[PDB]
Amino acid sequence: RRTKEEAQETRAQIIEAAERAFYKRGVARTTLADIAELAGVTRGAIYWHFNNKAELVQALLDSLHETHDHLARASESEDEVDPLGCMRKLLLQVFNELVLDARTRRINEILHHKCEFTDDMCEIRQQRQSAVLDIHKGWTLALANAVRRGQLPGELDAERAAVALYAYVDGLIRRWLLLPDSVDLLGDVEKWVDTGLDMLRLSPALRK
């Protein structure tokens, strides 16, 4: 009965339908008019909320980080006493949500496997670059905090370690999406997280 609350409901309906449409048919061939029909909204309504498909993809991508922001900011805090432990809790929660939450799984599948970078829609690649650079900045600081607190080797190259951890986690998530019944990500989640952290703690190649 109020403008803002009805707008928020319509926006959520559009995003939910976009996840269903992109997951089934992919981003390239899905139109906003298609998503409007699936959502039960008018074309005027969808173009009111989103200028183009790139803005809907970004809404999906930006929706992933809210769950973990509390543990991420803690790991990045220069006053946090256990930054490596916050990083481990962050990685456990990432994997747990991926396996358990149908929405998170479907969005990750869309971004990994149903969404092309093409220069006719250059914003998709540009916004993915910004998201990964932002993650890298956070993890570089979290790992530097861990080194200062004696939880990681003193000569750790924090930048390269953050890249190595991102490579491993992102590669494991994509492998699981491709071949889920191949790897028990939920049952062995602690093992999978600790494999990545062990690389950072123990590999001499990651020292300066």
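All residue numbers refer to positions in the sequence shown, first residue = 1.
- When the mean C-alpha temperature factors of 39-47 and 66-74 are read from the deposited coordinates, 66-74 comes out higher.
- Taking the mean C-alpha B-factor of each stretch as recorded, 184-192 and 17-25 are not equal, and the higher mean is that of 184-192.
- Between the residues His113, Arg125, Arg105, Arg88, the entry's highest C-alpha temperature factor is the one at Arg88.
- Sorting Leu92, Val99, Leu133, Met121 by the CA temperature factor given in the entry leaves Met121 at the top.
- Placement of the Cα temperature factor of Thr30 within the chain: lowest third of the modelled residues, per the deposited record.
- Placement of the Cα temperature factor of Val147 within the chain: highest third of the modelled residues, per the deposited record.
- When all modelled residues of the chain are sorted by CA temperature factor, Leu60 is found within the lowest third.
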